[PDB]
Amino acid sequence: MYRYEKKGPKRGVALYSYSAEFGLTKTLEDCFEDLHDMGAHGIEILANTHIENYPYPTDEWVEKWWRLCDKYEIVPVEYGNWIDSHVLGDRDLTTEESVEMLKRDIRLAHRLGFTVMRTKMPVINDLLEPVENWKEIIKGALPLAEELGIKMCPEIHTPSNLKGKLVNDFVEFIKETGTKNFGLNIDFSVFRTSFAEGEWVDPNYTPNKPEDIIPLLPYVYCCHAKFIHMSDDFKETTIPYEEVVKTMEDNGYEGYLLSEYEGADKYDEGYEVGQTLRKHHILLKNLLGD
């Protein structure tokens, strides 16, 4: 088993960035090697995308997965799952059905070596708050998650502010339970300051300052290094990356920053997202040192 022992923040890639290529021009192994060319070790997969015969992969596939991890020095970091209690049109899932689905994903994530889950829930309002029984769902799975060393993390992304209600609801739950196995994934879109002229921005959105992350860092277990535009000097031109990374270095962050690209041009003929990601990782390697 390859282990990556760098102290402080580490870089990686979320395979969602390859969403226009995966299954068409890139295989899973192509993505692993693409990360290897970058020297990136951390990976995020989507449970519903990257696991053959999901939800029930074979032993043979699981062993091929572990062989790939060792062959390309990939650390399974974050596992993306959905607790979709709205999967049926006619009714919501019961708390127990949702917990059963979540526990199965925790089991599979543990089997593939992941330690963080990026869990997405159905949202019920414009603040993107989760379903009302979410605490019950999470409390149903927390013992298993604690037993298997997995941390379940909803994702904070635009327009949700680091000082808004959503974040404080999660932090309050963590404080009230005392759990060490539920936390936060901060997507860097919450720091974006620059936008194109005439580009619509949600009036509810206000950029956070990098220091706004400092009081949340005890609960942040993984981050989406979202990025919009990489210049040919290998600088990111919309988010204060130097200051965000320096803030997290200086305040004890030990997790990963996983590149996430979501531009519509991923789906343009001739686009080469692997090159975009290489630009981003030139940036990340120079900011982190490795």
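One rule holds for the numbers: they count along the sequence shown, beginning at 1.
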Given 205-213 and 79-87, the range whose Cα B-factors average higher in the PDB entry
205-213
According to the deposited model, is the average Cα temperature factor higher in 190-198 or in 101-109?
190-198
Looking at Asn48, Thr27, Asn251, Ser259, which has the highest CA B-factor as recorded?
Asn251
With respect to the C-alpha temperature factors reported in the PDB entry, which of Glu44, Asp59, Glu33, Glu243 ranks highest?
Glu243
Could you tell me which third, lowest, middle or highest, the C-alpha B-factor of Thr115 occupies within its chain?
lowest
Divide the modelled residues of the chain into thirds by Cα B-factor and specify which third, lowest, middle or highest, holds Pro154.
lowest
Going by the recorded CA B-factors, say which third of the chain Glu63 sits in, lowest, middle or highest.
lowest
Assert third(CA B-factor, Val123) within chain per record equals highest
Entry-reported C-alpha B-factor of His229 relative to its chain, by third, is middle
